[PDB]
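Trainee: There's a structure below that I have some questions on.
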Amino acid sequence: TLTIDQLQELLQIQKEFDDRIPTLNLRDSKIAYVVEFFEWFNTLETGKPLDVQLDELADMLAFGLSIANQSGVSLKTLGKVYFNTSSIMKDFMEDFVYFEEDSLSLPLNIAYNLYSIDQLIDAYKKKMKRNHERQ
Amino acid sequence: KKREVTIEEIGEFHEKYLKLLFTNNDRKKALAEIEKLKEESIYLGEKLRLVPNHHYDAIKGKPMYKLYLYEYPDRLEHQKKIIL
């Protein structure tokens, strides 16, 4: 269940979406991402129902897909293991307070550890359908 | 008065929200901070209302300002009540 180059199915889906958004830019993607990390971090006990957690998680993922995409991650192709919730805090905090790659690495490595990873994807593909529809 | 919300203040706010939920028995200084945190919540809501994060509304289906104008203040209210 744990992923193997579904990067061409997500980087595109989101590429797909963001092209329907005229005013799109990088400073805002960055903010929405940060807001979703805390929004997700909130959905835990430091708790809330399972269903409701990977929704925020999926929401963070879409923004990480945008960053690298707006960065033009030139064909870059890391799976990390996390022992505690606080070990995810630390990570985000230096990629943030002291600084693209890690920004997209992060929602996924959570999936590996916090959840299944082929179980996050089903939330993302579902919403972006409802989203591409809305726009 | 620079209109557009900066990445760093947005970051500062959520951080303070988390320190708040970790204060832990006569510490009544936490309640002050909730009062502070409600007000800058409104501050941020109004700014984002006037000048919105666009990508956020498109991916979320809801205006980002509402999260600061209404949901966090709701939450900080919930913590206020939990008290005795």
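Here the protein sequences line up with chains W and A, keeping their order. Under the UniProt record's numbering, read the first sequence as residues 4 to 49, 58 to 88, 97 to 118, 122 to 157, first letter to last. Under the UniProt record's numbering, read the second sequence as residues 175 to 198, 203 to 262, first letter to last. A virtual CB, placed ideally from N, CA and C, is assigned to each residue, including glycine.
So, is A:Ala-210 buried or exposed, given that buried needs 16 or more other C-beta atoms within 10 angstroms?
Mentor: Looking up residue 210 of chain A in the second sequence gives position 32. Under this definition A:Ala-210 is an exposed residue.
Trainee: Residue range of the alpha helix (DSSP H) that W:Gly-83 falls in?
Mentor: Numbered from its first residue, the first sequence carries residue 83 of chain W at position 72. First-last for W:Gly-83: undefined, no H or E at that position.
Trainee: According to DSSP, simplified to helix, strand and coil, what is W:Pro-25?
Mentor: Position 22 of the first sequence holds residue 25 of chain W. W:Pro-25 falls in the coil class under three-state DSSP.
Trainee: Any idea if A:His-233 is buried or exposed, counting beta-carbon neighbours within 10 angstroms, 16 or more meaning buried?
Mentor: Taking the second sequence and counting its residues from 1, one reaches residue 233 of chain A at position 55. Classification of A:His-233: buried, given that the 10 Å Cβ count is 16 or more.
Trainee: Determine, using beta carbons only, whether W:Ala-35 comes closer than 7 Å to chain A.
Mentor: Counted from its first residue, the first sequence places residue 35 of chain W at position 32. For W:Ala-35, the answer is yes, since a Cβ of chain A falls inside 7 Å of its Cβ.
Trainee: Which stretch, first to last residue, makes up the alpha helix (DSSP H) that contains A:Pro-251?
Mentor: Locating residue 251 of chain A in the second sequence gives position 73, where the first residue counts as 1. Start and end: 250-259.
Trainee: In chain A, what lies closer than 8 Å to W:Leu-86 by C-beta?
Mentor: Here residue 86 of chain W refers to the residue found at position 75 when the first sequence is read from its first residue. Residues of chain A passing the Cβ test: none, with the nearest at roughly 24 Å.
Trainee: Between which two residues does the alpha helix (DSSP H) containing W:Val-116 stretch?
Mentor: Translated into the one-based positions of the first sequence, residue 116 of chain W becomes position 97. 105-116 is the span of the alpha helix (DSSP H), which, as asked, contains W:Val-116.
Trainee: Exposed or buried, W:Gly-98, counting other C-beta atoms within 10 Å across all chains shown (16 or more means buried)?
Mentor: Working through the first sequence from its first residue, we reach residue 98 of chain W at position 79. So W:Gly-98 counts as exposed.
Trainee: Please classify W:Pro-60: does DSSP put it in a helix, a strand, or coil?
Mentor: Position 49 of the first sequence holds residue 60 of chain W. Correct three-state label for W:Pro-60: coil.
Trainee: Anyone know if the C-beta pair for A:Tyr-243 and A:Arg-227 falls short of 7 Å?
Mentor: Residue numbering aside, residue 243 of chain A sits at position 65 when the second sequence is read from its first letter. Residue numbering aside, residue 227 of chain A sits at position 49 when the second sequence is read from its first letter. Yes. Within cutoff.
Trainee: I'd like the list of long-range same chain contacts for W:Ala-79, defined as Cβ closer than 8 Å, with 5 residues on each side in sequence excluded.
Mentor: Position 68 of the first sequence, counted from the first residue, corresponds to residue 79 of chain W. Excluding positions up to five away in sequence, the list reads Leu-14, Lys-87, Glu-122, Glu-123, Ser-125, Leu-126.
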